[PDB]
């Protein structure tokens, strides 16, 4: 059982800048025939893994010259020169020199870029959900960098987190921005005892918050 060990576990780098992923193996990956069966797979958000490199250094047809693999015995590296935006994903090294075939646990290649403000959109519940006795209020933070952000809810001026759920998209492959939604789920009854609904976002790359609000009596 060959433990394959990758570092770093997460790698952020800026467009055009190069990145280096290391893969170290418990044992030597030189087969008794001298061939070295060490491959690289990239898995992009929401897809299968696809081969990039097989046997240390051979690019699968389709793969650009930016990518290259190197090393021997137990020590292997993959290099990405003009990191493009489409290159983000999870890079896995795999060995099939020894049975069982094994994978490293992967390395997340994040993109780095200039900070960016959310466009904030807030959504009252739908009459459909209301009819069923529920009321989810949604606040959507679109196209922002970095990943970290707190959103909080205020009902008639006063804070709420019970029944709040937050959730991020994967980093966008074109703009390298993130989005996220926060969802405050009440009962229709509790929703209808209050007028004002407000979501407030902060992140630590602003000393101010961004606010978006609606009033029920204004529907």
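Numbering follows the first chain given and starts at 1.
**Q** When the C-alpha temperature factors are averaged for each of 73-81 and 120-128, which stretch ends up with the higher value in the entry?
**A** Looking at the record's C-alpha B-factors, the answer is 73-81.
**Q** Averaged over C-alpha atoms, is the B-factor higher for 17-25 or for 194-202 in this PDB entry?
**A** The stretch with the larger mean CA B-factor is 17-25.
**Q** Highest recorded C-alpha temperature factor, please, choosing from 189, 156, 175, 170.
**A** Highest C-alpha B-factor among the listed options: 175.
**Q** Could you tell me which third, lowest, middle or highest, the C-alpha B-factor of residue 217 occupies within its chain?
**A** Its C-alpha B-factor, which the entry lists for residue 217, ranks in the middle third among residues of this chain.
**Q** Pull the Cα B-factor of residue 139 out of the PDB entry and bin it into the chain's lowest, middle or highest third.
**A** Within its chain, residue 139 is a lowest-third residue by C-alpha B-factor, going by the deposited values.
**Q** So where's residue 55 on the chain's Cα temperature factor ranking, which third?
**A** Within its chain, residue 55 is a middle-third residue by C-alpha B-factor, going by the deposited values.
**Q** Against its chain's modelled residues, does residue 152's Cα B factor rank lowest, middle or highest third?
**A** According to the entry, residue 152 has a C-alpha B-factor in the chain's lowest third.
**Q** Please place residue 90 in the lowest, middle or highest third of its chain according to the CA B-factor in the PDB entry.
**A** CA B-factor rank for residue 90: lowest third.
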